[PDB]
Each structure stands twice: as structure tokens, then as C-alpha cells.
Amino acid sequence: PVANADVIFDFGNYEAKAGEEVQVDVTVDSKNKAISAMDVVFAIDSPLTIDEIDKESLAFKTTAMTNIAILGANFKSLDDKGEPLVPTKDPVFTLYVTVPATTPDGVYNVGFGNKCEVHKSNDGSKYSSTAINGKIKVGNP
């Protein structure tokens, strides 16, 4: 069990046919709280692949650094004076997913991996977070 999280990510839900590409837009509800940075890694159920992570975090109008080799992304979400930003309702992350044409009918998850850090300030303090949805239904299981 975990308490009601400070910040909630929503990966969305999707339906696809085997062979299709899926754009996964992740939004965030910070409950009107400002966030200074994020540092995360993603994960996805085999045999689906995250092919690319967009370098824009539209929710913060900021640029993310990425490393597809670890499905990682991070950014600092500060205004031009250094103050942490409250995200908009736009996607915080965009993932470009391939559903191979060999994929069996089923429901496949996309979400975070073993690291998802949402920072409050400049001192290592972090919000609690959770993620919802991220179900990709492939065919008619």
C-alpha cells in the first residue's frame, strides 16, 4: 500500500493493431504544486518497444535530455529566473512506441521503470509520485 501520492502521472490508454506505431503522451497532475526537475526511466512489456523519447516536455515548455539505451529522460523545469514551474495539462513526456507486426493479441503495459524522481526544489527533496493507466490493447484478446 502507498499513501495518496503528491503527483500523479497518466500514461493514457491505447488500442492498436500489431504492426502499428503508438504515440504515448504522459500527462501529470501535480495538484497545483511546482516541480523543479524530473529524472526518470520508462519501461514497456515485451515485445513492444519504446523507439524514441521526445526531447520536449511540453507541460513545462522545457527541453529534456534523453538516453534511449536506458529508456531515460531528465530535465530542469525552471522559469528564466530559476523558479520551479507548475506544469500545464500538456504532456510532460511523449514516447514513440512500436507494436511489432508479430505481437500477440493482449494488453501490454507502458509506464516507469525502477526510477521516477520528481524534485521540489534544489536540495534533493522529492514529491511522492504514482502512475496510472498505460494499457496498450493489441488486437482483440
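The first residue of the shown sequence is 1; numbering continues from there.
On average, which has the higher Cα B-factor in the deposited entry, 35-43 or 86-94?
According to the PDB entry, the answer is 86-94.
74-82 set against 54-62, stretch whose average Cα temperature factor tops the other in the entry:
In the deposited entry, the stretch with the higher C-alpha B-factor mean is 74-82.
Given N67, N114, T103, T27, the residue at which the Cα B factor reaches its maximum:
Each of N67, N114, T103, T27 was compared by C-alpha B-factor; the highest is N114.
Among all modelled residues of this chain, ranked by Cα B factor, put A16 in the bottom, middle or top third, i.e. lowest, middle or highest.
According to the entry, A16 has a C-alpha B-factor in the chain's highest third.
Using the B-factor values recorded in the entry, state whether the Cα atom of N133 falls in the lowest, middle or highest third among the modelled residues of its chain.
For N133, the deposited C-alpha B-factor lands in the lowest third.
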